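Visitor: Got a structure for you, written out below as structure tokens; questions coming shortly.
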Amino acid sequence: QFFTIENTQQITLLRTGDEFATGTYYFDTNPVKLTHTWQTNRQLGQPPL
Amino acid sequence: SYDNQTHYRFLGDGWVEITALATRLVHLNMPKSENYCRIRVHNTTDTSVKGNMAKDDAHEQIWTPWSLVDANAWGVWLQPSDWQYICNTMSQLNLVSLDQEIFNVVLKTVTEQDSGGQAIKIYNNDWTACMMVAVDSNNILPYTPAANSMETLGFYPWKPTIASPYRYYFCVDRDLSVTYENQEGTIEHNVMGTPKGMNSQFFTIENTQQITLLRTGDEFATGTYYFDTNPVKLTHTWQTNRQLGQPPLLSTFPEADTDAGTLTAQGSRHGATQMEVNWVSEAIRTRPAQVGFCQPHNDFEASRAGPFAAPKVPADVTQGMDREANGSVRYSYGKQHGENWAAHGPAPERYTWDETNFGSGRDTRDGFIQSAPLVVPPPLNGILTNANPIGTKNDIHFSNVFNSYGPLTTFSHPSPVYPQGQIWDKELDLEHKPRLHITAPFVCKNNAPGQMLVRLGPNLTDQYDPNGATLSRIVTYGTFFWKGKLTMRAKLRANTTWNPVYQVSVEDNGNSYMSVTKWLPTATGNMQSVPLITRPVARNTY
């Protein structure tokens with residue numbers, strides 16, 4: 001598989017006074033917790049009486 | 001209005017709205033520890049031994065002056081007979097909603113008078129006194145299943161019950177080394193530990209829930225939690241990787257009802273396998289997937305908390321009687337949660353439940369593994385069996401360390417046990433959840449039923465000084481009723497076989513496991529609750 005930047009994307013020429021801007025990609029991901037756990041198979045539920 | 005029944009509302013297409021009505025008198029005493037206690041527990045009496053370490057009970061829980069009220073146990077809602085009716089007719093079940101209520105709060109105080117006669121105890125209620133109730137609806141405080149220690153509520157209606165004091169775990173970082181029988185040397189270090197600043201979590205009923213005071217003529221009622229769970233089948237499978245699809249073609253037909261038929265030459269027989277052999281056979285033929293799997297036997301792992309038995313998915317015990325191989329469970333209840341009442345000594349009755357999802361279990365004896373391009377009669381060093389010692393140990397074979405889990409590994413969800421058995425269970429706040437829980441059949445996909453806590457109001461005396469070490473408080477205790485509503489959805493199975501199917505029936509007074517006398521009172525009124533078969537009717541996996 002030999003790809004080529006030229007035969008895959010629409011290149012855009014930018015000179016001195018030019019400028020480019022992308023769209024606005026929207027992320028579709030799952031959030032990540034900002035806390036740590038500690039409990040283990042020993043600390044799970046009703047502790048011994 | 002007291003009520004403890006079970007209504008079956010029939011709908012169309014074979015769907016039923018099962019309603020559970022449970023009412024029960026409760027008893028509560030003054031929580032001895034007027035304040036939260038961060039007590040530790042170390043059983044050096046056993047951890048010091050060389051062979052002992054599987055008896056490790058080291059940790060550091062936190063005792064709260066509150067008592068939890070958990071009714072998470074089938075044996076408290078449904079009636080023995082009812083469970084039968086269900087398992088014999090239904091084909092699946094699922095939780096719908098929950099609803100709880102409290103009322104008829106009675107608060108009495110005791111006065112041990114008569115010091116000039118003997119020593120009698122006088123009783124008399126107090127209205128001004130108050131009870132305290134709150135509901136962890138948001139589930140802030142750690143989850144504590146009462147059935148996770150058989151401390152739920154009574155399973156017998158006409159018999160009151162008490163609540164199990166609330167207490168949760170805390171971070172400590174225990175440690176213990178490995179040792180066998182006698183071995184040689186010392187147990188290295190069996191250290192306990194101190195609290196870390198990153199994992200320290202001390203909650204307080206007061207700064208987490210909106211407590212509500214209830215006097216004599218007061219009463220409380222909860223909302224109506226709606227269950228969001230997945231239904232569980234009420235039937236058992238049997239098929240194995242041998243009975244999956246098109247059975248081999250027959251070339252020979254029996255002459256009488258004695259002899260059997262034959263197949264086609266293994267070599268000259270159509271089909272497809274994953275081996276390089278130029279023949280076919282049931283044992284090697286390709287199958288849709290994997291029915292059950294091999295699990296490491298007695299796998300004890302250890303983290304900062306210490307050693308523990310790695311849970312294993314329950315399955316069929318198989319002809320090999322391999323219980324601790326297919327994760328069968330052994331319970332230890334007592335009086336309220338079953339067991340005969342005429343049983344002496346504190347000795348708790350036990351029972352080992354063997355899953356009925358046949359075809360998913362495994363027999364270690366026959367379990368083996370060949371090598372390289374499969375050979376018809378395997379050599380000696382070209383096939384490892386459950387008789388070959390691993391790592392210089394005679395009793396340790398590949399079985400006790402082999403994990404056959406994988407993509408094609410499909411199985412059946414464990415069926416619940418009538419009495420004792422747990423109903424639902426909160427889900428772990430982990431980014432990646434586990435395919436299921438063994439503690440209970442139903443797991444709340446979203447938030448779970450807020451736990452209910454109770455506590456008697458600290459009734460003080462005339463002499464009170466906060467700065468004073470430990471001071472008195474008028475003796476008090478209370479009782480109140482608890483009404484619970486549990487609605488569920490289920491569909492009646494369909495009779496499609498022909499041959500009568502297995503039903504959960506009882507039997508005349510005999511030695512049979514299903515003896516009527518087992519669920520009947522005695523000359524004095526004693527009785528027990530023996531676990532009952534779930535999934536009496538066979539299903540069909542493929």
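Read-outs: derived from the displayed coordinates by stated rules, not from any lab. Don't worry about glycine lacking a Cβ; one is built from the backbone with ideal geometry, like all the others, and counts go over all protein chains shown.
Visitor: Sort B:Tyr2, B:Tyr331 so the one with the fewest other Cβ atoms within 10 Å of its own Cβ comes first. Display every interim value, and only then the final one.
Guide: Working: B:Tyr2 12, B:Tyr331 19.
So the residues, fewest neighbours to most, are B:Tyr2, B:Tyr331.
Visitor: Bin width 10 Å, alpha-carbon pairs only: give the P(r) of the protein assembly as shown as whole percents, running from 0 to the bin holding the largest distance.
Guide: So the P(r) values, bin by bin, are 3, 12, 20, 22, 18, 12, 7, 4, 2, 0, 0, 0.
Visitor: Along the Cα→Cβ direction, 7 angstrom out, place labels at B:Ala342 and B:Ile383. What is the inter-label distance in nm?
Guide: With each label placed 7 Å out from Cα toward Cβ, I get 5.6 nm.
Visitor: Which of the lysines could a cross-linker bridge to B:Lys335, judged by Cα under 29 Å and excluding same-chain residues fewer than eight apart?
Guide: By straight Cα distance, B:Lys335 reaches B:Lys32, B:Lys55, B:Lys108, B:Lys121, B:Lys159, B:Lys312, B:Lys426, B:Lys483, B:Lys485, B:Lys518.
Visitor: Would you calculate the separation in nanometres between label points at B:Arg38 and B:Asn125, each defined as 7 Å from the Cα along the Cα-to-beta-carbon direction?
Guide: 4.2 nm
Visitor: Then there is this: So what is the relative contact order of segment B:149-226, in percent, for Cα pairs below 8 Å that sit 6 or more residues apart?
Guide: Values: 44 pairs, mean separation 16.4, N = 78.
So the answer I get is 21 percent.
Visitor: Sum -39500 (n - 2.57) across every DSSP H segment of at least 4 residues in chain B, then divide by the residue count to get the 222 nm mean residue ellipticity, nearest 500. Before the final figure, lay out the partial values.
Guide: Values: 3 runs with 18 residues, N = 542.
Computed ellipticity for chain B at 222 nm equals -500 deg cm²/dmol.
Visitor: Next up: DSSP loop trypsin sites (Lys or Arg not before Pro) in chain A with at most 10 other Cβ atoms within 10 Å of their Cβ, which ones?
Guide: Sites meeting the loop and neighbour criteria: A:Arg15, A:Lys33.
Visitor: Computed over the Cα atoms, what is the radius of gyration of segment B:119-264 divided by 2.2 N^0.38 Å, N being its residue count? Provide the component values of the computation, followed by the final result.
Guide: Numbers: Rg = 30.4 Å, N = 146, 2.2 N^0.38 = 14.6 Å.
Computed over Cα atoms of segment B:119-264, the ratio equals 2.08.
Visitor: To continue, here is another question. Which FRET efficiency value, to the nearest 0.05, do you get for B:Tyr542 and B:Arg215 by plugging their Cβ-Cβ distance into 1/(1 + (r/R0)^6) with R0 = 45 Å? Walk me through the intermediate numbers first.
Guide: Values: r = 62 Å, r/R0 = 1.37.
It comes out at approximately 0.15.
Visitor: Let me ask something additional. I want to verify the translational diffusion coefficient of chain A in µm²/s; compute it with Stokes-Einstein, Rh as the Kirkwood radius over Cα pairs, at 4 °C and 1.567 mPa s.
Guide: D, rounded to a whole number, is 71 µm²/s.
Visitor: For B:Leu532, B:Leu250, what's the fewest-to-most ordering of other Cβ within 10 Å of each Cβ? Write out the running numbers ahead of the final one.
Guide: On the way: B:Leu532 19, B:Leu250 11.
In increasing order of surrounding Cβ atoms, one gets B:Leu250, B:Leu532.
Visitor: Any idea what the alpha-carbon Rg over 2.2 N^0.38 Å comes to for segment B:409-477?
Guide: On the way: Rg = 22.2 Å, N = 69, 2.2 N^0.38 = 11.0 Å.
Taking the Cα Rg and dividing by 2.2 N^0.38 Å, one obtains 2.02.
Visitor: What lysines could a cross-link reach from B:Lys50, if we take a straight Cα to Cα line under 20 Å and drop same-chain neighbours fewer than 8 places away?
Guide: B:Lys393
Visitor: Once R0 is set to 22 Å, what does the formula 1/(1 + (r/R0)^6) return for the Cβ-Cβ distance between B:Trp158 and B:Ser512, expressed as a FRET efficiency to the nearest 0.05?
Guide: Working: r = 27 Å, r/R0 = 1.24.
Computed FRET efficiency for B:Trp158 and B:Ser512 comes out at 0.20.
Visitor: Calculate, in nm to one decimal, what B:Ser404 and B:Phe202 gain on full extension: separation in residues at 0.36 nm each, minus their alpha carbon distance. Write out the running numbers ahead of the final one.
Guide: Working: separation 202, 0.36 × 202 = 72.72 nm, distance 4.10 nm.
Extra length available between B:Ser404 and B:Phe202 comes to 68.6 nm.
Visitor: Let me check I've understood the local charge: for B:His236, count other residues with C-beta under 15 angstrom from its C-beta, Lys and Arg +1, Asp and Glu -1. What total comes out?
Guide: Working: positive: B:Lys233, B:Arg493, B:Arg535, B:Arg539; negative: B:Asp316, B:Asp354, B:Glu355.
Within the 15 Å Cβ shell, the charges total +1.
Visitor: Over 16 Å, how big is the tail of the calculated P(r) for segment B:282-405, in percent of all Cα pairs?
Guide: Result: 72 percent of Cα pairs exceed 16 Å.
Visitor: Filter the GluC sites (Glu not before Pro) in segment B:128-202 to those in DSSP coil with at most 16 other Cβ atoms within 10 Å of their Cβ, and list the result. Please list the in-between numbers first.
Guide: Details: sites: B:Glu151, B:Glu181, B:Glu184, B:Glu188; in loops: B:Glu151, B:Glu181, B:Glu184, B:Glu188.
Answer in residue order: B:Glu181, B:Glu184, B:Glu188.
Visitor: Moving on. What translational D, rounded to a whole number of µm²/s, comes out for segment B:15-105 from Stokes-Einstein when the hydrodynamic radius is the Kirkwood one over Cα pairs, at 10 °C and 1.306 mPa s?
Guide: On the way: Rh = 18.4 Å.
It diffuses with D of about 86 µm²/s by this estimate.
Visitor: Just to be sure I understand the model, the point goes 7 Å from the Cα along the line to the Cβ. What's the resulting B:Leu460 to B:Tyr226 distance in nm?
Guide: Computed distance between label sites B:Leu460 and B:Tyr226 equals 4.6 nm.
Visitor: Among the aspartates and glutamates, select those whose C-alpha is under 15 Å from the C-alpha of B:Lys445, and discard any that sit fewer than 8 residues away in the same chain.
Guide: B:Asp228, B:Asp425, B:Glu427, B:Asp429, B:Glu431
Visitor: Which of the chymotrypsin sites (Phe, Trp or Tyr not before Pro) across segment B:391-445 are loop residues per DSSP, with 10 or fewer other Cβ within 10 Å?
Guide: Values: sites: B:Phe398, B:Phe402, B:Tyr405, B:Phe411, B:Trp424, B:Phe442; in loops: B:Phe402, B:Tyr405, B:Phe411.
Sparse-neighbourhood loop chymotrypsin sites (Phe, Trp or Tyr not before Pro): none present.
Visitor: Let me ask you something else. How charged is the neighbourhood of B:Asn52? Take every other residue with its Cβ under 14 Å from the Cβ of B:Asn52, and add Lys/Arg as +1 and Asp/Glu as -1. Display every interim value, and only then the final one.
Guide: On the way: positive: B:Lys50, B:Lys55; negative: B:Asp46, B:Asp56, B:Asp57, B:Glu181.
That sum, taken over residues with Cβ under 14 Å, equals -2.
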